[PDB]
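J.: begin with these chain(s), straight out of the complex:
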Amino acid sequence: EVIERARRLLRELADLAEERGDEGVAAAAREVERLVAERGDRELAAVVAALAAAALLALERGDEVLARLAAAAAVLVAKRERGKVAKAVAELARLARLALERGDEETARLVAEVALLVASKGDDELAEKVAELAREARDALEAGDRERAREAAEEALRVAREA
């Protein structure tokens, strides 16, 4: 019942994402839903259900930041990503929050995308390259260099995109 509950929430997330044009989270939802099925884990399914609910609620509002990080978390949890990719996505999450409090919606949106791609592709080399870019963006934000922060975030998106 938990497994079906989670899978139901992922299908609504995939549906809503496709309707909104957010192919990234729709792809993630579809991959996560498969992972939830194969693992057959009650506890894992519950956790994915919460994250999927968060993403679904965020995307209904239009909050790509919350939608994509909640999606990225679901991909991390479903894939059981416990390593360099997991730490990278955490840094991107740490950075996105920093951007939000700094009134920097632009980088926060960009960083949110990077986290979802890094979670999806799960390549350790990409994880470190992006983690390197994320730290530079973090110092830029902490210093008030909003411009250099965005540039580092845009680089992170391109390197993730090409991967």
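T.: Ah, there it is. Numbers count the residues shown, from 1 in each chain, chains lettered A, B, ... in the order given.
J.: now the helices for chain A?
T.: Assigned by DSSP state H, chain A shows helices spanning A:2-20, A:23-39, A:42-61, A:64-79, A:84-101, A:105-121, A:124-143, A:146-162.
J.: distance from the chain centre to the last one, please.
T.: How far helix A:146-162 lies from its chain's middle: 15 Å, per CA atoms, centre = their mean, to the nearest Å.
J.: now swap in the first one and tell me
T.: Between the mean C-alpha point of helix A:2-20 and the mean C-alpha point of its chain there is a distance of 16 Å (CA atoms, centre = their mean).
J.: packing partners for that helix?
T.: Under the contact definition 3 or more CB pairs under 8 Å, 6 or more residues apart in numbering; DSSP states H and E, helix A:2-20 sits against helix A:23-39, helix A:42-61, helix A:64-79. C-beta here means a position set from N, CA and C on the backbone, and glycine is covered the same way.
J.: any chance of the helices of chain A in JSON lines, with mean neighbour count too?
T.: Output for the helices of chain A, formatted as JSON lines (neighbours: other CB atoms under 10 Å):
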{"stretch": "helix A:2-20", "mean neighbour count": "19"}
{"stretch": "helix A:23-39", "mean neighbour count": "20"}
{"stretch": "helix A:42-61", "mean neighbour count": "19"}
{"stretch": "helix A:64-79", "mean neighbour count": "25"}
{"stretch": "helix A:84-101", "mean neighbour count": "20"}
{"stretch": "helix A:105-121", "mean neighbour count": "24"}
{"stretch": "helix A:124-143", "mean neighbour count": "18"}
{"stretch": "helix A:146-162", "mean neighbour count": "18"}
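J.: here's chain B, drop it on:
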Amino acid sequence: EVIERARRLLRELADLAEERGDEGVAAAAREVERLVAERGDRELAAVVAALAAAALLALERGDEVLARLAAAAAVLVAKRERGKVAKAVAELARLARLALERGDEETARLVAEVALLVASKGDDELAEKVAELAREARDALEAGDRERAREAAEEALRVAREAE
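T.: Let me add chain B to what's already shown:
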């Protein structure tokens, strides 16, 4: 390291929630962090870290509903609750989603708190009472009776807070 990673996220969640006045969420974070430490379970720490990050980002965004629901999830996972309390939190979460979609943000907020309290206390009896009040609030929502929906959620909150 995951375990300390989780515990750090729970402490900031407790701090920020305390600063926002959402003592319900702060109390949950402190209880969950104690469980994460005592259990010393890497896998539990990883998933709880995910929820704590979700809740923490939710409060940064301003969405108390999402913050409290993510906290309620973390409490359920940490406490390993798969009974009447678990089903209640699920029903309450769906009710919060319905309230938000129906443009009744207040009831969604109240209902979100109820879910966190029901998760924390883990009373099967409280779970059942709240389940009845939740259905009344849902039916009110489906009809467009926001006032009775709010009233039923407020009743659920009052029963959840006082239950020990």
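J.: what do you get for what packs on helix A:2-20 once chain B is counted?
T.: On a contact count with 3 or more CB pairs under 8 Å, 6 or more residues apart in numbering or on different chains; DSSP states H and E, helix A:2-20 meets helix A:23-39, helix A:42-61, helix A:64-79.
J.: name the residues that touch it?
T.: Helix A:2-20 is contacted from outside by A:23-26, A:29-30, A:32-33, A:36-37, A:40-42, A:45-46, A:48-49, A:52-53, A:55-56, A:59-60, A:62, A:67, A:71, A:74, B:82, B:90, using CB atoms under 8 Å, 6 or more residues apart in numbering or on different chains.
J.: circling back: could you dump the helices and strands packed on helix A:2-20 to JSON lines with distance to chain B?
T.: Shown next, in JSON lines, are the helices and strands packed on helix A:2-20 (distance: least, CB to the nearest CB, whole Å):
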{"stretch": "helix A:23-39", "distance to chain B": "12"}
{"stretch": "helix A:42-61", "distance to chain B": "4"}
{"stretch": "helix A:64-79", "distance to chain B": "4"}
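J.: can you tell me the centre-most residue of chain A?
T.: Chain A has residue A:72 as the residue nearest its centroid, 2.8 Å off, counting by CA atoms, centre = their mean.
J.: which ones are touching that residue?
T.: Residue A:72 makes contacts with A:28, A:89, A:92-93, A:112, A:115-116, A:118-119, as judged by CB under 8 Å, 6+ apart.
J.: just the CA trace of stretch A:70-83, in PDB.
T.: Included here for stretch A:70-83 are C-alpha records, laid out as PDB according to Å, rounded to 0.1, in the frame of the first residue of the first chain:
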ATOM      1  CA  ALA A  70      12.700  17.300  -3.900                       C
ATOM      2  CA  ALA A  71      13.000  15.300  -7.100                       C
ATOM      3  CA  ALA A  72      16.800  15.200  -6.800                       C
ATOM      4  CA  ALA A  73      16.400  13.900  -3.300                       C
ATOM      5  CA  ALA A  74      14.000  11.200  -4.500                       C
ATOM      6  CA  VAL A  75      16.500  10.100  -7.100                       C
ATOM      7  CA  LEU A  76      19.200  10.000  -4.500                       C
ATOM      8  CA  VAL A  77      17.100   8.000  -2.100                       C
ATOM      9  CA  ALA A  78      15.700   5.700  -4.800                       C
ATOM     10  CA  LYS A  79      19.000   5.000  -6.400                       C
ATOM     11  CA  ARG A  80      20.600   4.600  -3.000                       C
ATOM     12  CA  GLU A  81      23.200   7.100  -3.900                       C
ATOM     13  CA  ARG A  82      25.700   7.000  -1.000                       C
ATOM     14  CA  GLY A  83      28.900   8.700  -2.200                       C
END
